[PDB]
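Starting off, we have a lone chain in the form deposited in one PDB entry, written out as structure tokens.
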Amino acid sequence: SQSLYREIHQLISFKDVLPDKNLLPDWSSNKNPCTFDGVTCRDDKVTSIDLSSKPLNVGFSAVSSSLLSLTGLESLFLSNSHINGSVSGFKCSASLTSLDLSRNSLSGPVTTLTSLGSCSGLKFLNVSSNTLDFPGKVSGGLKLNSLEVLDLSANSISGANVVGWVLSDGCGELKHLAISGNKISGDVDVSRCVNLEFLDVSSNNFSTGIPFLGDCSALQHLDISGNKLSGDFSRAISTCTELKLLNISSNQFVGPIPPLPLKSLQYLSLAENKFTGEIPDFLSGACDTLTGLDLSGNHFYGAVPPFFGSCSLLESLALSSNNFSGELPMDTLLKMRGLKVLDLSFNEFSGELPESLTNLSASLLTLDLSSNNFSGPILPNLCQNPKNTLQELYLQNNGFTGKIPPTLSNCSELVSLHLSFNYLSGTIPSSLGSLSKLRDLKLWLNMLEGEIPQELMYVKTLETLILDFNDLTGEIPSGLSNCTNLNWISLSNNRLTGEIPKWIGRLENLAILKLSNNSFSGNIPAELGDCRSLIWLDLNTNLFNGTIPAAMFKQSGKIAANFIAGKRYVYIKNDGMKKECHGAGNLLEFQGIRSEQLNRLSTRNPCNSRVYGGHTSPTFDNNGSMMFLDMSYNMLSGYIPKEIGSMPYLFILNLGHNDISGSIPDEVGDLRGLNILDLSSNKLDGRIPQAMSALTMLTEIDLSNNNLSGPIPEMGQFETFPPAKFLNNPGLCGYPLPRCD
């Protein structure tokens, strides 16, 4: 036929306008398209093309002129294909049924989509994750009332009543509307959409009316979360008898949990609102269908109603960040046959752990009991039940006394263990080396003694070791050389000894090494310079000596950090007020702990009030450098190597209280991101290099107690700092000091 001749010529003309033609290397003229990678054929005719996740790097016009006009094409999938430009009028084949253009760079007003009406058979349209917008006045209509599925999520659509604009010309055919991740406001009226099954209007700018749903005859999925809605949603969804998922989380709802349609309900989320009072007895009505419940981050209180035993289908129960109290209602949890995730974190549950809990170790994937008021010992008999499935165990920030049960090694599926912030004595059981899947061992702020288990080598998956604030002794176990995935090692405020092993250079994933306030010694390993993920080095308050190896900076400009991101931390800034408190500040892991309990450190730390929190976020993804370097309060000597200046992402530099001599390298002036510079109490001499006048981001400097001399630089930021920062430098003069003689 002709369409065959035309099919091949159209496909090859498309290939030919690609900047990287090597992308469709098996496409070629005088070959049958049905043999082409990306092509679906039925009876020797093209019915579908899928060029998704290939960087085609061409514009929509190339697509609509070559591809969308092919006779018989039924579906075109071009998600994440680097298509830019915008939709305009074109001839479209009547067979085309699905168009997926999601995750591209389509730009322009959302009114451009209206020109896709050329496609008389189009029923499914995904244009999510682009940059389509709605400039100014919202008038007219989208005019695609034949659609069954429309996805406009994650665009740049800012406007009021955009939904009415979408639905203006009719929605009798519409089954699934998603438009989340925009900035849409106003009214949502889908009452004329009597076949609508799926509505996601989440993460927008709604702060007035609740969506109006009319008879709600077909609605199964309703997501209005992530807005600023308040008011009577109970009445709005009261006609909704087929509802399976109701997500109203992250809004401004207040009062008690009101009546709900439970007979079909599988997923319910009320999280992150201002609901008050206690879980009502009437929710037992969903115990026949309910698979997921989330009431986290409200003001709920009291106990977990006993009715939950009937919710035998309930897989996840999340109630964290309320004020639930009482003992672990094991009598109810043991009936929830299907329970997999249990999250009661950040409440005020109390008492010891009931012995019956050891049964759930054979069904649960996650047990999150962090930040409560539990007391007593960790159940030794825990994970007796053969085939222990438990993956995550979070018991941090409670009142647990006793030893760490070696029995925990039987929970062989364990990926995450967090026993921090308790009162645990005894040693770190050697048997934890048996947890072949463990990624996180977090035991910080307890009273753990003895040495760090050599047997920890037997854990190949290990990524984080957080042992700060204990009573550990002995040296860094040579065995740890084996855990090559470590990206965060924190051993501060113990009584460790020995040197820093030279095998640290081995771990190419280590991003944070914190060894402060112990008794480590010897020289700084030039081997640290071999770590290619290292961004935070805190060796303060120890007994290291020798000279700062220039080699430790060899990685600067090559540093990659990706795995360390997204982890909750607190950074506690040192105010130079108390002389017993050392270092720039303490970076501490802080997943599942209340800041209100930082006061617990008072007895272990001479530091008093300045707490930064967040989630780790490197300032680059690649080609970075160290961001933090503290070696204060040691016995280092010799001169600062000029390579010190080679780290453009360095925010903090503390080398204070050592025996460093010679003169401040002029390369410090290259450290353009520097916020803090402490070189106090050393033996540095010569002149403050004028180059340092180029630093623009210094919020703090200290050069006091050296043998520096000559004039303080008048340009840059020096005039900004008080005299104290320069005291005890005999030959030093110039404002803020007395003028030079």
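So that the term is clear: the rigid core is the largest set of C-alpha atoms that superpose within 1.5 Å between two forms. In case it trips you up, residue 1 is the first one in the sequence shown, and so on.
The protein also exists as the form deposited in another entry; that form is not presented, and the subsequent description refers to it.
- Of the residues checked (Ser105, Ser409, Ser661, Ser320), the rigid-core alignment between this form and the one not shown shows a Cα shift of at least 2 Å for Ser105 alone.
- Core-superposed comparison between this form and the one not shown: the C-alpha position of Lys725 differs by less than 2 Å.
- The two forms, fitted on the rigid core, differ between this form and the one not shown by less than 2 Å at the CA of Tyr571.
- Fitting the two forms on the rigid core leaves the C-alpha of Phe90 displaced by at least 2 angstroms between this form and the one not shown.
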